[PDB]
Amino acid sequence: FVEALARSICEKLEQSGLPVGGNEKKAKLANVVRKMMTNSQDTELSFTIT
Amino acid sequence: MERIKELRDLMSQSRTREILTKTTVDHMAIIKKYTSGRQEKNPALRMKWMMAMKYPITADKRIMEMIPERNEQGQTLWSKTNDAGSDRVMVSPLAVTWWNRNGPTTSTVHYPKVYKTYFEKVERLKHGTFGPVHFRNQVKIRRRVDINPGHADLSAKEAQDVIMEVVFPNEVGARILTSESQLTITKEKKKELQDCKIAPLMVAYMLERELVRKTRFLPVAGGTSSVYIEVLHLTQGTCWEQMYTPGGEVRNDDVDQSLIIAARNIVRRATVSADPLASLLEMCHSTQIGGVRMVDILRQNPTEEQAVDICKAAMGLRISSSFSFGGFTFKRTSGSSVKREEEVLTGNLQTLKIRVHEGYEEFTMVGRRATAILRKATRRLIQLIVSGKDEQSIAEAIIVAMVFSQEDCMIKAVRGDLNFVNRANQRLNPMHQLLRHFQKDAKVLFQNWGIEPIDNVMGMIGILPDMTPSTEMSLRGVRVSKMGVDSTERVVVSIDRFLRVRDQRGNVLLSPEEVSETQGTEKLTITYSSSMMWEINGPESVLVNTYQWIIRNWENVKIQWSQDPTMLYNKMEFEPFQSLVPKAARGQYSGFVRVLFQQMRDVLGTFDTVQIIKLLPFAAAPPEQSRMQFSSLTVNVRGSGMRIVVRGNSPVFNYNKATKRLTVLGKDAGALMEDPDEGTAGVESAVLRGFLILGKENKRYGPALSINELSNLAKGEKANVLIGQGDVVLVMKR
Amino acid sequence: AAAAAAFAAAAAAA
RNA sequence: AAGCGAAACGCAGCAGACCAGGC
RNA sequence: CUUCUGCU
RNA sequence: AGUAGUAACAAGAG
Ligand SMILES: *O[C@H]1[C@@H](OC)[C@H](n2cnc3c(=O)[nH]c(N)nc32)O[C@@H]1COP(=O)(O)OP(=O)(O)OP(=O)(O)OC[C@H]1O[C@@H]([n+]2cn(C)c3c(=O)[nH]c(N)nc32)[C@H](O)[C@@H]1O
Ligand SMILES: [Mg+2]
């Protein structure tokens, strides 16, 4: 039940790439990262931490 | 009959009797899987190891009477030893080979009928047609595609209902078939499954495969239909495409959808052309949908769509001037409207960008079970007269009309868990999501829509939120007609050079502006047969191929840009890219880039190959002079505005200096040859309109400045400007 | 006067 | 357009006197 | 000794 | 001995 609740919550979170899997996960990550890079201001320097 | 004898024998044993008596049917689901054998955590090694032992296979105890213990060579086919945890005996693979060699044979005419899903693949592959293989820069996008199309007229429940009724007619339960499609399928399967001894579980599994719809996320580049997704590995490659036409018949809905997507792409591309009508005719005559020329398909498939009709008018066929929305065919009888994106907040706090239509308009809606006359204005329903056959149909037609109105009272009526982005975070169509949500539950919308007094008119009856008709009160601008409403007819029209369709009286029926801007995916693969083979591809492919063409023809493009740039800008190879640049900013970007190129040419040296390659596609549109300075240029890609930075590298457009390679949207576009004429020598001269980038700041001419604030400089003075990704540089105004 | 509705993608209300 | 665990159950009246009062 | 087993 | 590497194998239970 706790995992079911967490999964239901994660499905609504854009940054949470856990519930999805396979190509669906890669698609979600690519879309999310794309939008994140887009909405970023042209005058704002950007860095990525891995 | 022997099952009862076996049950008696089980009852006789004490432990078995206790198990049978104590365990309920409900408890069976738990004890059914009560085993000791733990799932193998390394099946490959265990299989490789067990094939060496004498008896790795387990066979039903019956085999002992069906196969000799040893063959003519003396090899033991089976052993009397009992498998641990079951009655199955342990046998060697020689037993399987012996059975396949001289075991008991039976008729197999039932297998193609029960395994129809697998045999249809072979049947359609045998009749498939292979075209030439074209090497291209394939850009495969990940999206949900159909694995098993199933039956279009049956849902999950309907499929299971038929399955159960066909395989286990006695165990069906209280469920009853309630559709002509279900009855026909059940009759056909029962007729086909006569005297079938195949295991019922396999029959049910195969029927489920054939009936239940299944979808999966795959990286597709061509058609997303099941007939195309199954052969996706063979057709679409990483650097090539194999023209393939699967055998058999194709679903009419797939052809209609593919034709719509192709027509929309064609009109969107031809709209930015110098001769839109000629371009549309040439594209339509060259395009093919699933191996069928679009020219001959438009003459047989109505597919009413703001783009299909246009294409038909261009072809001279009579158009319908109608569009399908929420299962209702809308025909605009009077009035006109203009689309515009508006930001709205729903009742669940979500924020959306909906394409609101401005202007009074009057429509006729025709549905399978209803017909209505609608009159709407900008985000407001003026009047609606429904003539549905049933109360449920009336509710459905009203909900569709309210959603189509886009009234604020309906947007605020959205409640509960409604998502406008799928699990893949892709942006769904807000109108479809609203329509689906309100069809699932319309009580809130009806409650919050509003009520108005009814003017007593013969044949018109009001309707209340609780769905009961009333004569004194009704929903705002809603009436129900009991006498019916009138009807489809195709009207010949004339199309001018700019794709503006007009009737016999000259009234403009269709224009390219109303065509939907969504860049969708075709169910059936679309093939183009012109020199610019990527003319009607999607956004990412169009961008990658445009820059690839620029790089491949760089040895000539550089000469043309340096000598006759005005004629080069009008090259047709940039027209598809212009289809992605926003209509409003097209002229501004063209003028800005043209001035930047001219100033780069005036200033001796300072040639920048990467800057020219990056900005060349934006110069194609006609110039529109302005004082605006652009830090980035926006291009539409599947509803997202990708920003190309004028100075520097961005994920959308990057030039790796180490490898001297260009990547567009992560796809390699080519290497730039070493040019002795480049000689950057620090100064850029191609970042600001009328300003030269001297280089690194020095904290002397000024602390910092903005891109727009820099307009204060008159002439000759130098100052520091914060341009790009936080990179302040010294600049000089001419 | 029974008539169709062309393209359709909707389910029944409750 | 979208998409996941890829049986059985709406009462009822006294009546008849006499008094006071209402326009 | 013989019996039993190579994921328990 | 050897495998191998934070602990085993170099048979084990009757
Ligand atoms: O699956 C897609 C589309 O295929 C590409 C498919 N489809 C449309 N028509 C058919 C068809 O006849 N047969 C089949 N098999 N499939 C068909 O429907 C789906 C549409 O997807 P999507 O592209 O997202 O929808 P889109 O075309 O972008 O817009 P949509 O929301 O459906 O609207 C349809 C038309 O209605 C116009 N419209 C909406 N409103 C609110 C108004 C309005 O208020 N006034 C006017 N004048 N027009 C309005 C939309 O702009 C669009 O033109
Ligand atoms: Mg009185």
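As summarised from the PDB record, the model derives from cryo-EM at a stated resolution of 3.1 Å.

Participant: Please clarify how the overall build of chain A should be interpreted in this entry.
Facilitator: Each helix and strand in chain A was counted, giving two helices and zero strands. Looking at chain A as a whole, 22% of its 50 residues qualify as buried. Here chain A displays about 3900 Å² of accessible surface, and carbon together with sulfur accounts for 61% of that area.

Participant: Any chance you could explain the protein's contact with RNA strand E here in plain terms?
Facilitator: All names here are of chain B. Taken together, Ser-36, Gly-37, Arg-38, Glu-40, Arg-46 and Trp-49 make up the full set of residues adjacent to RNA strand E. Near the protein, within 4 Å, the atoms of RNA strand E are sugar or phosphate in 46% of cases. At a separation of 2.5 Å, a base oxygen of RNA strand E approaches a polar side-chain atom of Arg-38. A distance of 2.8 Å separates a phosphate oxygen of RNA strand E from a polar atom in the side chain of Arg-46. Of the residues assigned to the surface near RNA strand E, the class counts are one nonpolar, two polar and three charged.

Participant: I tried to follow the interface of chain A and chain B on my own but got confused; where do I start?
Facilitator: Often, the extent of an interface is quoted as the loss of accessible area upon association of its parts. Contacts between chain A and chain B engage 21 residues on the former and 22 residues on the latter. Each partner contributes to the roughly 2000 Å² buried at the junction of chain A and chain B, and carbon and sulfur atoms together form 46% of this total. It is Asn-23, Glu-24 and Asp-42 of chain A in chain A that bury the most area against chain B; as a group they hold 31% of the surface buried on that side. Taken together, the connections running from chain A to chain B amount to five salt bridges.

Participant: Would you take a moment to explain the pairing of strand β15 (residues 371–377) of chain B for this structure?
Facilitator: As a general feature of sheets, a regular strand has side chains that alternate between the two faces. Residue and element names in this part refer to chain B. With five of seven residues buried, β15 lies mostly within the body of the structure. Relative to β15, strand β14 (residues 361–366) runs antiparallel, the two being bridged by six bridges. Counterpart to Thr-364 in the pairing with β15 is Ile-373. What sits between β14 and β15 in their antiparallel hairpin is a turn of four residues. In this sheet, strand β16 (residues 380–386) lies alongside β15 in antiparallel orientation, the contact comprising six bridges. Paired with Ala-377 across the bridge in β16 is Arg-380. Connecting β15 to the next strand, β16, in antiparallel fashion are two residues, including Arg-379 with a positive phi near 50 degrees.

Participant: Would you explain the sheet that holds strand β22 (residues 494–495) of chain B in this entry?
Facilitator: What links the strands of a sheet is backbone hydrogen bonding, and the strands pair in either a parallel or an antiparallel sense. Residues and elements named next belong to chain B. One open sheet accounts for three strands, arranged β22-β23-β24; its pairing is antiparallel. Because the sheet does not close on itself, it has two edges, and the strands there are β22 and β24 (508–510). Taken together, the two bridges between strand β23 (residues 501–502) and β24 define a ladder with antiparallel strand orientation. For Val-501, the partnering residue across the bridge sits in β24 and is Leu-510.

Participant: I'm lost on the packing of helix α13 (residues 252–271) of chain B against helix α14 (residues 276–286) of chain B in this one. Help?
Facilitator: Axis angle and axis distance: for two packed helices, these are the angle between their axes and the distance between the axes, and together they describe the pair. Residues and elements named next belong to chain B. Orientation of α13 relative to α14, taken along the N-to-C sense of each, is 145 degrees, at an axis distance of 9 Å. When the axes of α13 and α14 are compared, the crossing they make is right-handed. Across from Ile-266, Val-267, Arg-269, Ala-270 and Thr-271 in α13, the residues of α14 making contact are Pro-276, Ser-279, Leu-280, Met-283 and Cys-284. For the contact of α13 with α14, a count of residues per class yields seven nonpolar, two polar and one charged.

Participant: What exactly am I supposed to notice about the sheet that holds strand β3 (residues 89–91) of chain B here?
Facilitator: All names here are of chain B. The sheet built from three strands is open, its strands ordered β1-β3-β2 with antiparallel pairing. Two strands bound the open sheet, and with one partner strand each, they are β1 (57–59) and β2 (78–82). Each strand of the sheet is rotated relative to its neighbour by a mean of 40 degrees, with strand direction disregarded. Pairing of β2 with β3, which is carried by two bridges, proceeds in the antiparallel orientation. Following the sheet pairing, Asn-82 is matched in β3 by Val-89.

Participant: Quick question: what am I supposed to make of the interface of chain C and chain B here?
Facilitator: If you look at the interface, chain C gives 12 residues, while chain B gives 15 residues. Summing both partners gives a buried area of about 1000 Å² for chain C against chain B, and 49% of it is carried by carbon and sulfur. Counting the surface chain C buries against chain B, the share from its top three residues, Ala-5, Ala-13 and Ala-14 of chain C, is 38%. Between the two partners, chain C and chain B, sit zero salt bridges. At the surface where chain C touches chain B, the tally comes to six residue pairs in polar contact. Considering only residue class, the side of chain C that touches chain B consists of 12 nonpolar, no polar and no charged.

Participant: Is there a simple way to think about the site of ligand 1 in this case?
Facilitator: Of all residues adjacent to ligand 1, which total 23 residues, the nearest are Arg-264, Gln-306, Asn-429 and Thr-518 of chain B together with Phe-7 of chain C. One finds residues of chains B and C in close proximity to ligand 1. Within the side chain of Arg-264 of chain B, one N or O atom sits 2.6 Å away from an oxygen atom of ligand 1. At 3.4 Å from an oxygen atom of ligand 1 is found a side-chain nitrogen or oxygen belonging to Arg-355 of chain B. With the chains in place, 87% of the 950 Å² that ligand 1 exposes on its own is no longer accessible. At the level of secondary structure, the elements contributing two or more residues to the shell around ligand 1 comprise α13, β10 (322–325), β13 (351–358) and β14 of chain B. Counting residues per element, the shell around ligand 1 draws most heavily on α13 of chain B, at six residues. Counted by class, the shell around ligand 1 contains seven nonpolar, nine polar and seven charged residues.

Participant: Explain the nonpolar core to me, please; I cannot follow it from the model alone.
Facilitator: Soluble globular proteins: nonpolar side chains tend toward being buried together. Residues and elements named next belong to chain B. Formed by 50 residues in total, the largest nonpolar core has its most connected members in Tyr-547, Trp-561, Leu-616, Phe-618 and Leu-662. Excluding its chain neighbours within four sequence positions, the residues that come into contact with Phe-618 are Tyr-547, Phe-577, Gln-578, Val-581, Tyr-589, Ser-590, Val-593, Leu-633, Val-635 and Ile-644. Counting 47 residues, the second-largest nonpolar core is a separate cluster that includes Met-365, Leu-381, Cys-409 and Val-414.

Participant: Sorry, what's going on with a nonpolar patch on the surface here?
Facilitator: Residues and elements named next belong to chain B. On the surface, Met-1, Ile-4, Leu-7, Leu-10, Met-11 and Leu-20 cluster together into a nonpolar patch covering about 570 Å² of accessible area. By residue number, the principal contributor to the nonpolar patch is helix α1 (residues 2–12), which donates four residues. Here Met-11 falls in the partly exposed class, since its relative accessible area comes to 34%.

Participant: Explain the pattern of salt bridges here, please?
Facilitator: Charged atoms that come close allow side chains of opposite charge to pair. Residue and element names in this part refer to chain B. Considering all chains together, one arrives at 39 salt bridges over all chains under this definition. Among the salt bridges present, the one from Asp-146 reaches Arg-213, with a minimum N-O distance of 2.3 Å. Separated by 67 residues along the polypeptide, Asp-146 in strand β5 (residues 141–148) and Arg-213 in the loop between α10 (200–211) and β6 (214–220) bring together distant segments of the chain. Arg-213 gets classed as partly exposed once you look at its relative accessible area, which sits at 49%.

Parameters and conventions
- Residues numbered from 1 in each chain as written, not as in the entry; some residues may be left out.
- Chains lettered and ligands numbered in written order.
- Part of a larger assembly, values for the part shown.
- Heavy atoms only, no water.
- Helix = DSSP H or I, 4+ residues; strand = E, 2+ residues; numbered from the N terminus.
- Buried < 20%, exposed > 50% of the residue type's maximum accessible area, 1.4 Å probe, protein only.
- Areas by Shrake-Rupley, 256 points an atom, 1.4 Å probe, with all protein chains shown as cover.
- Near = heavy atom within 4 Å.
- Polar contact = N/O pair within 3.5 Å; in protein donor to acceptor, adjacent residues only side chain to side chain.
- Nonpolar A, V, L, I, M, F, W, Y, C, P; charged D, E, K, R; others polar.
- Contact = heavy atoms within 4.5 Å.
- Buried area = accessible area lost by both parts, 1.4 Å probe.
- Salt bridge = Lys/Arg side-chain N within 4 Å of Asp/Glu carboxyl O.
- Pairing = 2+ DSSP bridges.
- Axes fitted to C-alpha atoms, helices over the stretch in contact; angles between N-to-C directions.
- Left-handed = near helix turned anticlockwise from the far one by under 90°.
- Core = buried A, V, L, I, M, F, W, Y, C linked by side-chain atoms within 4.5 Å.
- Patch = residues over 30% accessible without salt bridge, like charges linked within 9 Å, V, L, I, M, F, W, Y side chains within 5 Å.

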